Each structure stands twice: as C-alpha cells, then as structure tokens.
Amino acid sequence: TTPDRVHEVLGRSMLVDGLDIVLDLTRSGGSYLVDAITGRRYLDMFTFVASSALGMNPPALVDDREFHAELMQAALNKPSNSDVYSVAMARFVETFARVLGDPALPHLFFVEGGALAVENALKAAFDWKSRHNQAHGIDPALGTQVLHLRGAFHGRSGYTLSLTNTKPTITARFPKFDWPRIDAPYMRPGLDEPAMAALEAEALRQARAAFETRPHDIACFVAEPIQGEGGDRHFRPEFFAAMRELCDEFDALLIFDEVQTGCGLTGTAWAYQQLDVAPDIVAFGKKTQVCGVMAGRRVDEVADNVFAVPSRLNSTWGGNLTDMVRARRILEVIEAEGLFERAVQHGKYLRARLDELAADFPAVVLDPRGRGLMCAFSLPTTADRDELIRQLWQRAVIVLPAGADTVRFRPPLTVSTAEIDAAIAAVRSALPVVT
C-alpha cells in the first residue's frame, strides 16, 4: 500500500474527512510535518490537536539508543497495567510525580483516553459526595449532578456528553443527564475591572442558585481553566477563586479538566498553578500520552474513597505501556531542557506578534489573547475564519479553528521564534486576501 493509495484504502471502510496529506512518519521532525505524497513540509501549529509536546521525532528520543530498547520492549506487547506491574510502569509513575505532581494531589490513576480521564474524575466525585452525604446523615442516593460551564468541551463519552456544549453535532440525539449548566464569564475585549466583576457575579449567582435548588445533589464543579474547543476563552483568577469558595461552602469538589491546558503549554505544568486556585481533582490527557487523574485535597476526607477501595475504578489495560514509556522520556526532556520556561518566553513573543497583527489589521484581527504558548485570535465572521484557515493551508501552515470565529495556535513547546515569525508572516500574507 502506497502513500498515494492511503485515502482510497481507508475510504472503503471509513469516512475520510481529515487533512489532504499523508504523514511521513520518518521525515517529519520538530515543528514540521512532511507530506509523503509530495514531500512538501508543513509548519505545525496544530500538534495532533495540541497532543504533542515536542513535535515529531524529537532528537532526544530518536538519538537515545537505550530509550529505543526500552520503547521496543514496551511496544512489542500490551500488558494489563491494572494488575501486572513492571519496572517500565514504575519509572513512568515516579517521573510523572516528580515533573508534574502536586503535593496536595498524591493519588494518581491512569487510563486510555481524555474523555475517560474526565469521567474517572467525575466518578471519584459522585462516590465522594454520596459517602460524604451518608457520613453526615444525608441520603446516600444524593450526589449525582455535575455543575459546569456553557461552551465547555470535556469529551464525547457517556458522562461527558452531558457536559460538552459547543457544536450541536457533537451531542445531538444522544441521551443526556439534565445537569446544571451556568454562563461562562470569560474575558472579552473592552470590558474593564467592574464590567468584568459584574459578569462574574452573574455566573456566581447562577452557580449559587443551582446549589440551593438541588441540595446535597451536586457532587462537583468541572471547568476547563481556559476553554479550548469552545474558542480559547480565558477567565480571571477571581472567578475560579470565588467558585473554589462556593464549592467548599456546599461540600462539592472542584475538578479542573486540564486535558488541553496541561503539560506546560501555558508556561507551567498546569494552568491552575497560575490562577492560584487549588482543585481537588485534575484530569489530564493529550500531551501526557497516557490519560488520567490526580486527586487529593478534600478527596482524602472520605476514607473509603475511590482511590483507597479496590475495583471502584478500572480498565482492562490501565493505560498504554508504550505511551507510559514515551511520556516519561518526554517529561525528562521537559525537565532537563527547561521547557516550561521556554513556553513562557516564546508565548510572550507569539502574543506580542498577535498584538502587532491587531494594530495593523484593527477591524479584522480581533481579540488577540493567550497564556504561554496557548494563543488565539478571532475574525469578524466564521466565513472569514474558515477562509483564513484555507489560505494558511495553501501556504503550508497548519492551524486549528475553534468556536464560531477563532483561530488557535498550538505549537510544540520546542517552537523557535523563527518558526513563530514564519507562522505570522503567513497570516499577514493571507489577511488582505480574506478582507
């Protein structure tokens, strides 16, 4: 089977709506994807939907002969890590704890897939609330609802389908629990301190109303610290701090879904570390390769919680061992090469460039925003947004859309300023064409 026949073969069995290229697995590297049909190189601001930390074939992985043998040992088989342990697994777990761990959140759980990571966070919370209720004289049948935001994206699985509300395509015709949803008080351009504070008070009022009308029945509040798929919507630390206090008031856990914000993209291990809010549970995925949760804080107040009692949480595999081995090497590179700090520095550079774009194209490049390497801007209409993406594709720059009118940048942590300049140069080229 030849590169030029890939779309043909796949097309017999599946819907083929992805990119026009065929990925060259060997010749792609760093911030470039190589199309195996033409050999054209594509500048990557997309990173497998923000799931690659270092880009393709990073040198510290490719040149590492000891690592090759470790990866191969892992890749040949697929053990059930949930009941068969190995040195390979333990090395990953201890380096995850070292590089990404939070002392307040010592309980780790691993699974394949981001939706299921969020779900295990939720299951942790339902169990917690039911047992916390029970211990305090309240009916243990209560504690089954999840407070969440408009524009949230948490996945496409049984539970997360009740939370996700972006495109109706994702959720239409699928059965949902009726869980309380509140407005998202995200930063928008041209709203000052008190204008922002008023918008937050309104979400807080909605959250508080939800807590009082479903007493003892809300198990947790879930949020993306920055909403990704919904359109790169950022929130002031003030909002989550108030939510944190409101959650404690009503004995409900605070879960951050860091599947997209996690693993150094915003400049720190986790976005919540910059918002100065302590969560009880963190769901991770994408760049971590293996997905899962970190839990602690109030979770430990219930002694027979989901992390202390056998067989409450499980999967056949407990995550992919190959993902585990790759991820620990990735983490070791992040740690040794200072890549969180590099994301801070380079994220400031990218942001500055988008501010310059906004100045030169004031009615077109709207609302430049970002935290670390997680950056975006908006266009006036969705037709303009889609056209800008097509135009960038023709210039061999891969970016992702989000929401109705956002273009998001998701470079690897290893992106250089020259690579950023080239991405920006391509946007300057395409803009007069869209206007």
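All residue numbers are counted from 1 along the displayed sequence.
Mean CA B-factor, 323-331 versus 67-75: the higher value falls on 67-75. Higher average CA B factor: 374-382, of the stretches 374-382 and 50-58. Of the candidates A219, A336, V118, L149, the deposited coordinates give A336 the top C-alpha B factor. Highest C-alpha temperature factor among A135, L161, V99, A90 per the entry: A135. The deposited CA B-factor of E94 belongs to the middle third of values across its chain. Compared with the other modelled residues of the chain, the Cα B-factor recorded for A396 ranks in the middle third. Remark: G296 belongs to the lowest third of its chain, ranked by C-alpha B-factor as recorded. In the deposited entry, the Cα temperature factor of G11 sits in the middle third of values across the chain's modelled residues. When the CA B factors of the chain's modelled residues are split into thirds, the value for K123 lands in the lowest one.
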